[PDB]
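For reference, final01.cif is printed below; it contains mmCIF, C-alpha atoms and all ligand atoms.
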data_my_file
loop_
_atom_site.group_PDB
_atom_site.id
_atom_site.type_symbol
_atom_site.label_atom_id
_atom_site.label_comp_id
_atom_site.auth_asym_id
_atom_site.auth_seq_id
_atom_site.Cartn_x
_atom_site.Cartn_y
_atom_site.Cartn_z
ATOM 1 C CA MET G 983 103.657 161.947 230.310
ATOM 2 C CA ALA G 984 100.842 163.441 232.384
ATOM 3 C CA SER G 985 98.696 160.284 232.267
ATOM 4 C CA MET G 986 101.322 157.728 233.324
ATOM 5 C CA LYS G 987 100.181 155.464 236.169
ATOM 6 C CA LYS G 988 102.181 154.423 239.235
ATOM 7 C CA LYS G 989 102.249 150.803 240.363
ATOM 8 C CA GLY G 990 100.727 150.184 243.750
ATOM 9 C CA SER G 991 102.435 149.033 246.949
ATOM 10 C CA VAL G 992 102.590 145.477 248.240
ATOM 11 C CA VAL G 993 100.027 145.218 251.066
ATOM 12 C CA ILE G 994 100.028 142.953 254.136
ATOM 13 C CA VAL G 995 96.604 141.242 254.128
ATOM 14 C CA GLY G 996 97.157 138.652 256.834
ATOM 15 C CA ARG G 997 99.578 136.340 258.491
ATOM 16 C CA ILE G 998 100.412 132.724 259.184
ATOM 17 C CA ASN G 999 100.078 132.225 262.935
ATOM 18 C CA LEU G 1000 102.778 129.949 264.300
ATOM 19 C CA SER G 1001 102.481 131.030 267.948
ATOM 20 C CA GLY G 1002 100.685 128.092 269.531
ATOM 21 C CA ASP G 1003 100.281 124.371 268.915
ATOM 22 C CA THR G 1004 98.299 124.809 265.651
ATOM 23 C CA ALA G 1005 99.382 126.811 262.608
ATOM 24 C CA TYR G 1006 96.595 128.767 260.976
ATOM 25 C CA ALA G 1007 96.102 131.590 258.514
ATOM 26 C CA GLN G 1008 94.566 134.873 259.692
ATOM 27 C CA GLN G 1009 93.217 137.544 257.386
ATOM 28 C CA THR G 1010 93.718 141.121 258.543
ATOM 29 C CA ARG G 1011 92.471 143.090 255.487
ATOM 30 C CA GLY G 1012 89.797 142.434 252.867
ATOM 31 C CA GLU G 1013 89.993 143.046 249.132
ATOM 32 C CA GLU G 1014 88.568 146.594 249.142
ATOM 33 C CA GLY G 1015 90.873 147.779 251.914
ATOM 34 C CA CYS G 1016 93.751 146.016 250.162
ATOM 35 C CA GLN G 1017 93.064 147.827 246.879
ATOM 36 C CA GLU G 1018 92.845 151.221 248.585
ATOM 37 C CA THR G 1019 96.000 150.603 250.674
ATOM 38 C CA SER G 1020 97.890 149.528 247.569
ATOM 39 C CA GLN G 1021 97.074 152.864 245.883
ATOM 40 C CA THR G 1022 97.862 155.092 248.863
ATOM 41 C CA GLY G 1023 100.673 153.020 250.351
ATOM 42 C CA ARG G 1024 99.325 153.923 253.810
ATOM 43 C CA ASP G 1025 98.680 150.897 256.017
ATOM 44 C CA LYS G 1026 97.814 151.643 259.649
ATOM 45 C CA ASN G 1027 97.021 148.016 260.589
ATOM 46 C CA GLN G 1028 99.054 146.482 263.416
ATOM 47 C CA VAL G 1029 101.481 143.835 262.138
ATOM 48 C CA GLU G 1030 102.287 140.697 264.134
ATOM 49 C CA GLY G 1031 104.263 137.524 263.589
ATOM 50 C CA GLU G 1032 106.972 136.171 261.303
ATOM 51 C CA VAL G 1033 105.139 135.128 258.104
ATOM 52 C CA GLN G 1034 102.925 137.723 256.419
ATOM 53 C CA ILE G 1035 100.453 137.150 253.622
ATOM 54 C CA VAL G 1036 100.937 139.907 251.057
ATOM 55 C CA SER G 1037 99.108 141.060 247.963
ATOM 56 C CA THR G 1038 99.419 143.363 245.007
ATOM 57 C CA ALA G 1039 96.503 144.280 242.749
ATOM 58 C CA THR G 1040 97.119 141.096 240.740
ATOM 59 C CA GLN G 1041 98.984 138.526 242.883
ATOM 60 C CA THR G 1042 99.075 137.149 246.422
ATOM 61 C CA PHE G 1043 102.034 135.408 248.070
ATOM 62 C CA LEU G 1044 103.997 135.402 251.342
ATOM 63 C CA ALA G 1045 106.709 137.462 253.019
ATOM 64 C CA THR G 1046 108.919 136.345 255.917
ATOM 65 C CA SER G 1047 110.843 138.390 258.495
ATOM 66 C CA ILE G 1048 114.399 137.179 259.107
ATOM 67 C CA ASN G 1049 117.007 139.297 260.941
ATOM 68 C CA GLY G 1050 114.926 142.446 260.852
ATOM 69 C CA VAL G 1051 114.203 142.258 257.082
ATOM 70 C CA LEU G 1052 110.836 141.305 255.548
ATOM 71 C CA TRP G 1053 111.878 139.131 252.590
ATOM 72 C CA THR G 1054 109.888 137.965 249.553
ATOM 73 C CA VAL G 1055 110.323 136.959 245.905
ATOM 74 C CA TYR G 1056 111.006 139.372 243.076
ATOM 75 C CA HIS G 1057 108.562 137.474 240.824
ATOM 76 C CA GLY G 1058 105.787 138.491 243.224
ATOM 77 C CA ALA G 1059 106.815 141.970 244.389
ATOM 78 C CA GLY G 1060 108.922 143.226 241.501
ATOM 79 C CA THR G 1061 110.480 146.534 242.577
ATOM 80 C CA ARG G 1062 107.336 147.663 244.423
ATOM 81 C CA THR G 1063 107.193 149.602 247.636
ATOM 82 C CA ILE G 1064 105.359 148.111 250.606
ATOM 83 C CA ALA G 1065 102.547 149.965 252.401
ATOM 84 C CA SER G 1066 103.349 151.259 255.898
ATOM 85 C CA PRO G 1067 101.794 153.561 258.527
ATOM 86 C CA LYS G 1068 103.730 156.543 257.103
ATOM 87 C CA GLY G 1069 103.410 155.717 253.405
ATOM 88 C CA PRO G 1070 105.186 153.569 250.841
ATOM 89 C CA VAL G 1071 108.511 152.133 251.912
ATOM 90 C CA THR G 1072 111.185 151.503 249.259
ATOM 91 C CA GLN G 1073 112.924 148.146 249.071
ATOM 92 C CA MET G 1074 116.194 147.932 250.916
ATOM 93 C CA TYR G 1075 117.255 144.819 248.994
ATOM 94 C CA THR G 1076 116.509 143.931 245.359
ATOM 95 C CA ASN G 1077 118.157 140.933 243.614
ATOM 96 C CA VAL G 1078 116.502 139.643 240.480
ATOM 97 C CA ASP G 1079 119.252 137.043 240.050
ATOM 98 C CA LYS G 1080 118.221 135.466 243.397
ATOM 99 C CA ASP G 1081 114.480 136.174 242.864
ATOM 100 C CA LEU G 1082 114.746 138.109 246.129
ATOM 101 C CA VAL G 1083 113.611 141.400 247.560
ATOM 102 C CA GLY G 1084 113.408 142.782 251.063
ATOM 103 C CA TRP G 1085 112.176 145.723 253.102
ATOM 104 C CA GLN G 1086 112.814 146.770 256.667
ATOM 105 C CA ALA G 1087 110.730 144.528 258.872
ATOM 106 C CA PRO G 1088 107.518 146.218 260.006
ATOM 107 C CA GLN G 1089 107.027 147.576 263.498
ATOM 108 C CA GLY G 1090 105.577 144.789 265.616
ATOM 109 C CA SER G 1091 106.643 141.878 263.443
ATOM 110 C CA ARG G 1092 108.803 139.129 264.898
ATOM 111 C CA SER G 1093 111.907 137.946 263.041
ATOM 112 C CA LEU G 1094 113.005 134.376 262.538
ATOM 113 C CA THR G 1095 116.608 133.546 263.496
ATOM 114 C CA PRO G 1096 118.867 132.274 260.684
ATOM 115 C CA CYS G 1097 119.538 128.581 261.161
ATOM 116 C CA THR G 1098 123.035 127.422 262.025
ATOM 117 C CA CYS G 1099 121.965 123.789 262.817
ATOM 118 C CA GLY G 1100 123.118 122.254 259.534
ATOM 119 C CA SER G 1101 120.017 120.042 259.609
ATOM 120 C CA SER G 1102 118.502 118.618 256.425
ATOM 121 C CA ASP G 1103 115.075 117.913 257.981
ATOM 122 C CA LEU G 1104 113.067 120.979 256.965
ATOM 123 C CA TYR G 1105 109.492 122.226 257.109
ATOM 124 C CA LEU G 1106 107.810 124.446 254.513
ATOM 125 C CA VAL G 1107 105.068 126.809 255.714
ATOM 126 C CA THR G 1108 102.403 127.528 253.103
ATOM 127 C CA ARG G 1109 99.859 130.315 252.774
ATOM 128 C CA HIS G 1110 97.200 127.839 253.968
ATOM 129 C CA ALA G 1111 99.180 127.185 257.168
ATOM 130 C CA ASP G 1112 100.186 123.717 256.032
ATOM 131 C CA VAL G 1113 103.543 122.685 257.545
ATOM 132 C CA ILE G 1114 105.066 120.380 254.927
ATOM 133 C CA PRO G 1115 108.090 118.177 255.744
ATOM 134 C CA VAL G 1116 110.900 118.661 253.214
ATOM 135 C CA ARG G 1117 114.227 116.796 253.064
ATOM 136 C CA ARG G 1118 117.034 119.128 252.084
ATOM 137 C CA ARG G 1119 118.714 117.837 248.890
ATOM 138 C CA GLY G 1120 121.200 120.603 248.073
ATOM 139 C CA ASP G 1121 122.122 124.180 248.765
ATOM 140 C CA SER G 1122 118.848 125.411 247.299
ATOM 141 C CA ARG G 1123 116.610 122.317 246.856
ATOM 142 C CA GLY G 1124 114.484 120.058 249.070
ATOM 143 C CA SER G 1125 112.196 117.122 248.282
ATOM 144 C CA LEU G 1126 108.671 116.866 249.604
ATOM 145 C CA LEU G 1127 108.200 113.801 251.784
ATOM 146 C CA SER G 1128 104.644 113.601 250.437
ATOM 147 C CA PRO G 1129 104.321 115.030 246.902
ATOM 148 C CA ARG G 1130 101.174 116.910 245.993
ATOM 149 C CA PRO G 1131 99.711 118.952 243.138
ATOM 150 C CA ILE G 1132 101.435 122.273 242.536
ATOM 151 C CA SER G 1133 98.090 123.957 243.222
ATOM 152 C CA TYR G 1134 98.707 123.418 246.947
ATOM 153 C CA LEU G 1135 101.967 125.400 246.776
ATOM 154 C CA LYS G 1136 100.787 128.231 244.486
ATOM 155 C CA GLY G 1137 100.758 131.459 246.425
ATOM 156 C CA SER G 1138 103.354 130.376 248.994
ATOM 157 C CA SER G 1139 106.485 131.851 247.406
ATOM 158 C CA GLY G 1140 108.182 134.024 249.992
ATOM 159 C CA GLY G 1141 107.319 131.589 252.769
ATOM 160 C CA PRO G 1142 109.911 130.017 255.006
ATOM 161 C CA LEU G 1143 111.619 126.685 255.109
ATOM 162 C CA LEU G 1144 112.326 126.027 258.806
ATOM 163 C CA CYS G 1145 114.625 123.607 260.640
ATOM 164 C CA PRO G 1146 113.358 121.395 263.486
ATOM 165 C CA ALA G 1147 114.120 124.163 265.981
ATOM 166 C CA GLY G 1148 112.102 126.763 264.079
ATOM 167 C CA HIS G 1149 115.038 128.660 262.596
ATOM 168 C CA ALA G 1150 114.850 130.020 259.024
ATOM 169 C CA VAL G 1151 116.695 127.885 256.499
ATOM 170 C CA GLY G 1152 115.398 129.542 253.309
ATOM 171 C CA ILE G 1153 112.715 131.410 251.389
ATOM 172 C CA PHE G 1154 110.479 129.346 249.040
ATOM 173 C CA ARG G 1155 111.092 130.398 245.443
ATOM 174 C CA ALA G 1156 109.913 127.748 242.965
ATOM 175 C CA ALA G 1157 108.313 124.301 242.680
ATOM 176 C CA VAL G 1158 109.851 121.354 240.813
ATOM 177 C CA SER G 1159 106.991 119.438 239.247
ATOM 178 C CA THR G 1160 106.275 116.382 237.109
ATOM 179 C CA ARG G 1161 102.857 116.075 235.477
ATOM 180 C CA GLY G 1162 101.634 118.882 237.734
ATOM 181 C CA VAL G 1163 102.854 117.162 240.925
ATOM 182 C CA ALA G 1164 105.317 118.987 243.175
ATOM 183 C CA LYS G 1165 108.115 116.562 244.117
ATOM 184 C CA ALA G 1166 110.702 119.161 245.168
ATOM 185 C CA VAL G 1167 111.052 122.858 245.994
ATOM 186 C CA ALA G 1168 113.703 125.471 245.255
ATOM 187 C CA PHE G 1169 114.454 128.099 247.904
ATOM 188 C CA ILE G 1170 116.788 131.037 248.571
ATOM 189 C CA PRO G 1171 119.116 129.775 251.342
ATOM 190 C CA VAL G 1172 119.378 131.929 254.446
ATOM 191 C CA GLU G 1173 123.112 132.185 253.823
ATOM 192 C CA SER G 1174 122.362 133.940 250.536
ATOM 193 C CA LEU G 1175 120.107 136.351 252.443
ATOM 194 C CA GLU G 1176 122.872 136.915 255.024
ATOM 195 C CA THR G 1177 125.348 137.651 252.224
ATOM 196 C CA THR G 1178 122.933 140.049 250.522
ATOM 197 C CA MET G 1179 122.845 141.937 253.805
HETATM 198 ZN ZN ZN G 1201 118.325 125.490 262.956
#
In structure tokens, what does this structure look like?
Ligand SMILES: [Zn+2]
Amino acid sequence: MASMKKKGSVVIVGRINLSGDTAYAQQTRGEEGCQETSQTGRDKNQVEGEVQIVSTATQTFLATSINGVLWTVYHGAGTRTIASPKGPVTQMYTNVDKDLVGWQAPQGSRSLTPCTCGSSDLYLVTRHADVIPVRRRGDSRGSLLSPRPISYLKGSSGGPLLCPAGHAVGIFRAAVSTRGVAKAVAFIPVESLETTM
């Protein structure tokens, strides 16, 4: 039992900047710093914004702050801690049945407001700062107005679906594809987050 390894923390490595007129990705930590922070769980970098780019040793994806919780997908984070200025922080929400986890939102982040608009005209934010129009098609599904290869959506699980007013409608979970083309997306609705809380 002496030689058993511990899994590393999820690390914030950047963010999707939605502040101004143009959305763009920003990197805040390179691979070497990410690997070290994952092992120690100590991340002293200042955190800003609503959508974080996160990484483990083996995967990279997104995490989104809604209502003071940084939310992401279980298939990316598993049960891992997240790195913080004072060490690894345990998940406050874990739900494998929803493909959902969450931690307390980091100091300095900004939280999205849960949408109460009832609008079906949505916008998916990807890790490459693409803002993709999506028509809501059900409680947990939306169709892309312009389909595209699934490669463009890989790595964007945990990102937000937003309403026209910039409220959070859901967390991107899975892509619905035909012959490698993404025609629709599946997401965790914000109401399911609000219930989990
Ligand atoms: Zn709204």
Can I get the residues close to ligand ZN 1201 (chain G) as a list in words, where close means within 8 Å and we count only C-alpha atoms and all ligand atoms?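 These are the residues that qualify: residues 1096, 1097, 1098, 1099, 1100, 1101, 1144, 1145, 1146, 1147, 1148, 1149, 1150 and 1151 of chain G.
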My list of candidates is G:1094, G:986, G:995, G:1135. Which is closest to residue G:1112 when distances are computed with all atoms listed in the file?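 Of G:1094, G:986, G:995, G:1135, the one nearest residue G:1112 is G:1135, counting all atoms listed in the file.
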Would you be able to write out as a PyMOL selection string which residues have an atom within 12 Å of (102.6, 150.9, 248.0) in the file's coordinates, counting only C-alpha atoms? chain G and resi 988-994+1016-1025+1036-1039+1059-1073
Using atom CA of residue G:1090 and atom CA of residue G:1047 as the two end points, give the distance in Å to one decimal.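 Between atom CA of residue G:1090 and atom CA of residue G:1047 the gap works out to 10.9 Å.
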Written as number ranges by chain, what is the full residue list that the PyMOL selection byres (((chain G and resi 1140) around 8) and not hetatm) yields on the file shown? G: 1043-1046, 1053-1055, 1138-1139, 1141-1142, 1153-1155
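Closest approach to residue G:1174 from the set G:1028, G:1008, G:1091, G:1122 is made by G:1122, with distances taken over only C-alpha atoms.
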From the set G:1077, G:1128, G:1095, G:1009, which residue has the shortest atom-to-atom contact distance to residue G:1114, counting only C-alpha atoms?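 Selected residue with least distance to residue G:1114: G:1128.
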Å distance separating atom CA of residue G:1089 from atom CA of residue G:1029, one decimal place: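 Distance reported for this atom pair: 6.8 Å.
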At a cut-off of 10 Å around the point (97.6, 135.0, 263.9) (file coordinates), what residues fall inside when counting all atoms listed in the file? I'd like the answer as a ChimeraX atom specification. /G:996-1002,1005-1010,1029-1034
For the residues in the current selection, export C-alpha atoms as a CSV table (one decimal), in the coordinates of the input.
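Okay, this is what ended up in again.csv:
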chain,number,residue,atom,x,y,z
G,996,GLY,CA,97.2,138.7,256.8
G,997,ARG,CA,99.6,136.3,258.5
G,998,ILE,CA,100.4,132.7,259.2
G,999,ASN,CA,100.1,132.2,262.9
G,1000,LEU,CA,102.8,129.9,264.3
G,1001,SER,CA,102.5,131.0,267.9
G,1002,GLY,CA,100.7,128.1,269.5
G,1005,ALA,CA,99.4,126.8,262.6
G,1006,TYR,CA,96.6,128.8,261.0
G,1007,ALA,CA,96.1,131.6,258.5
G,1008,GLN,CA,94.6,134.9,259.7
G,1009,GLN,CA,93.2,137.5,257.4
G,1010,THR,CA,93.7,141.1,258.5
G,1029,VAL,CA,101.5,143.8,262.1
G,1030,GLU,CA,102.3,140.7,264.1
G,1031,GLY,CA,104.3,137.5,263.6
G,1032,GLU,CA,107.0,136.2,261.3
G,1033,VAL,CA,105.1,135.1,258.1
G,1034,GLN,CA,102.9,137.7,256.4
Given the PyMOL selection byres (((chain G and resi 1117) around 12) and not hetatm) and the file above, list the residues it selects as an MDAnalysis selection string. chainID G and resid 1101:1106 1114:1116 1118:1129 1143:1146 1151 1165:1168
Measure the distance from atom CA of residue G:1041 to atom CA of residue G:1057 in Å and round it to one decimal. 9.9 Å
Since the input is missing atoms for stretch 1033-1056 of chain G, could you rebuild it with N, CA and C atoms and give the result as a PDB file, in the frame of the given file?
ATOM      1  N   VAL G1033     105.530 135.382 259.489  1.00  0.00           N
ATOM      2  CA  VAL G1033     105.139 135.128 258.104  1.00  0.00           C
ATOM      3  C   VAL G1033     103.889 135.943 257.810  1.00  0.00           C
ATOM      4  N   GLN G1034     104.013 136.871 256.868  1.00  0.00           N
ATOM      5  CA  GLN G1034     102.925 137.723 256.419  1.00  0.00           C
ATOM      6  C   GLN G1034     102.389 137.188 255.110  1.00  0.00           C
ATOM      7  N   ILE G1035     101.088 137.336 254.917  1.00  0.00           N
ATOM      8  CA  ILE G1035     100.453 137.150 253.622  1.00  0.00           C
ATOM      9  C   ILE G1035     100.381 138.520 252.968  1.00  0.00           C
ATOM     10  N   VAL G1036     100.865 138.620 251.729  1.00  0.00           N
ATOM     11  CA  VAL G1036     100.937 139.907 251.057  1.00  0.00           C
ATOM     12  C   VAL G1036     100.202 139.834 249.732  1.00  0.00           C
ATOM     13  N   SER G1037      99.824 141.003 249.230  1.00  0.00           N
ATOM     14  CA  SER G1037      99.108 141.060 247.963  1.00  0.00           C
ATOM     15  C   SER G1037      99.467 142.322 247.201  1.00  0.00           C
ATOM     16  N   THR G1038      99.460 142.206 245.881  1.00  0.00           N
ATOM     17  CA  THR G1038      99.419 143.363 245.007  1.00  0.00           C
ATOM     18  C   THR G1038      98.011 143.413 244.422  1.00  0.00           C
ATOM     19  N   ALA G1039      97.809 144.263 243.409  1.00  0.00           N
ATOM     20  CA  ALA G1039      96.503 144.280 242.749  1.00  0.00           C
ATOM     21  C   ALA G1039      96.213 142.962 242.032  1.00  0.00           C
ATOM     22  N   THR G1040      97.253 142.216 241.652  1.00  0.00           N
ATOM     23  CA  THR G1040      97.119 141.096 240.740  1.00  0.00           C
ATOM     24  C   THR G1040      97.612 139.764 241.284  1.00  0.00           C
ATOM     25  N   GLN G1041      98.388 139.753 242.372  1.00  0.00           N
ATOM     26  CA  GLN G1041      98.984 138.526 242.883  1.00  0.00           C
ATOM     27  C   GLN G1041      98.933 138.502 244.407  1.00  0.00           C
ATOM     28  N   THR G1042      98.989 137.291 244.973  1.00  0.00           N
ATOM     29  CA  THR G1042      99.075 137.149 246.422  1.00  0.00           C
ATOM     30  C   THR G1042     100.113 136.075 246.710  1.00  0.00           C
ATOM     31  N   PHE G1043     100.902 136.275 247.760  1.00  0.00           N
ATOM     32  CA  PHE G1043     102.034 135.408 248.070  1.00  0.00           C
ATOM     33  C   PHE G1043     102.402 135.701 249.526  1.00  0.00           C
ATOM     34  N   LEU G1044     103.568 135.267 249.959  1.00  0.00           N
ATOM     35  CA  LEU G1044     103.997 135.402 251.342  1.00  0.00           C
ATOM     36  C   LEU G1044     105.246 136.276 251.461  1.00  0.00           C
ATOM     37  N   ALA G1045     105.481 136.772 252.673  1.00  0.00           N
ATOM     38  CA  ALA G1045     106.709 137.462 253.019  1.00  0.00           C
ATOM     39  C   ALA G1045     107.095 137.080 254.445  1.00  0.00           C
ATOM     40  N   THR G1046     108.393 136.916 254.679  1.00  0.00           N
ATOM     41  CA  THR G1046     108.919 136.345 255.917  1.00  0.00           C
ATOM     42  C   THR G1046     110.002 137.234 256.502  1.00  0.00           C
ATOM     43  N   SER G1047     109.879 137.548 257.799  1.00  0.00           N
ATOM     44  CA  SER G1047     110.843 138.390 258.495  1.00  0.00           C
ATOM     45  C   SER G1047     111.965 137.515 259.029  1.00  0.00           C
ATOM     46  N   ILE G1048     113.190 137.819 258.601  1.00  0.00           N
ATOM     47  CA  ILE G1048     114.399 137.179 259.107  1.00  0.00           C
ATOM     48  C   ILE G1048     115.425 138.280 259.367  1.00  0.00           C
ATOM     49  N   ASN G1049     115.952 138.337 260.587  1.00  0.00           N
ATOM     50  CA  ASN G1049     117.007 139.297 260.941  1.00  0.00           C
ATOM     51  C   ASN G1049     116.600 140.747 260.686  1.00  0.00           C
ATOM     52  N   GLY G1050     115.361 141.073 260.992  1.00  0.00           N
ATOM     53  CA  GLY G1050     114.926 142.446 260.852  1.00  0.00           C
ATOM     54  C   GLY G1050     114.646 142.902 259.439  1.00  0.00           C
ATOM     55  N   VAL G1051     114.556 141.986 258.475  1.00  0.00           N
ATOM     56  CA  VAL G1051     114.203 142.258 257.082  1.00  0.00           C
ATOM     57  C   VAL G1051     112.983 141.408 256.722  1.00  0.00           C
ATOM     58  N   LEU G1052     111.961 142.033 256.135  1.00  0.00           N
ATOM     59  CA  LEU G1052     110.836 141.305 255.548  1.00  0.00           C
ATOM     60  C   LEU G1052     111.196 140.942 254.103  1.00  0.00           C
ATOM     61  N   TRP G1053     111.402 139.661 253.860  1.00  0.00           N
ATOM     62  CA  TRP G1053     111.878 139.131 252.590  1.00  0.00           C
ATOM     63  C   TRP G1053     110.740 138.517 251.786  1.00  0.00           C
ATOM     64  N   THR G1054     110.802 138.667 250.456  1.00  0.00           N
ATOM     65  CA  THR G1054     109.888 137.965 249.553  1.00  0.00           C
ATOM     66  C   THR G1054     110.583 137.777 248.208  1.00  0.00           C
ATOM     67  N   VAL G1055     109.820 137.279 247.230  1.00  0.00           N
ATOM     68  CA  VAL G1055     110.323 136.959 245.905  1.00  0.00           C
ATOM     69  C   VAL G1055     110.123 138.137 244.968  1.00  0.00           C
ATOM     70  N   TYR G1056     111.127 138.368 244.120  1.00  0.00           N
ATOM     71  CA  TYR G1056     111.006 139.372 243.076  1.00  0.00           C
ATOM     72  C   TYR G1056     109.865 139.049 242.103  1.00  0.00           C
TER      73      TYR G1056
END
